[PDB]
């Protein structure tokens, strides 16, 4: 019934929710449903959300198990053709929703754009198997996914409080969900061991034969935070387990092509 659904999880968002909503309601060229999933804010959040045009805006306000629980409730109710998720500290840039509608017109399942963070572009990676030894390849708040993409992939895994976004996109890649990356900014905004722990866990969900430290090595290698002289060793160790894994490494690290060809030849 709507081109776009925007799911906005909120808790105590009074300082910025107005700006968030203004970036959504101002979007021209589309019909947009907004679902605000509030976790029981005691501040001005609900009143401010109510200060906007309510025609296509639903407010859920009730306790939840966190951001991704709230997102799941919103996604589950969404009626739009493409579904985006915006945090209250985020803004969509002008004309972004019309750009999503235009770029979704041939039936791609995910349309993702660029993200501006503290005035710099997020260092995005390609949506491909190489992302499976990394994190989320684009900003989650720059992502729009269709009803069918959510039906096929499913919901966000609440076990991940930091990286459920990455884990969902990794599932999309593994499920061969189609994706179109648009080279335009869609969204603007401004404990490391826990983040690293979750990111390594997400990678092991793709490749369960990896030790945590090997998942970490691969993540740091693809992101450029660490060295790569052990990639070939990792490839020899596990290549036989999974053609997807061999593919992921040869994409991430094209210099290991001669060794990856050898894994393919012997095992796949």
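Positions refer to the first chain, counted from 1.
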Does the entry skip any residues of the deposited sequence between residue 107 and residue 108, and if so, is it 1 to 3, 4 to 9, or 10 or more, or none at all?
none
Could you check the entry and say whether 216-224 or 52-60 has the higher mean CA B-factor?
52-60
Average Cα temperature factor in the PDB entry - higher stretch of 231-239, 66-74
231-239
When the CA B-factors of 121, 177, 85, 96 are compared as recorded in the entry, which is the largest?
96
Just to confirm, going by the entry's C-alpha B-factors, which of 188, 157, 102, 198 comes out highest?
102
Please place residue 24 in the lowest, middle or highest third of its chain by C-alpha B factor as given in the entry.
middle
Tell me, lowest, middle or highest third: where does the Cα B factor of residue 126 rank within its chain?
lowest
Sorting the chain's modelled residues by C-alpha B-factor, tell me whether residue 211 ends up in the lowest, middle or highest third.
middle
Classify residue 90 as lowest, middle or highest third according to the C-alpha B-factor given in the PDB entry, relative to its own chain.
middle
Would you mind ranking residue 167 by its C-alpha B-factor against the rest of the chain and naming the third, lowest, middle or highest?
lowest
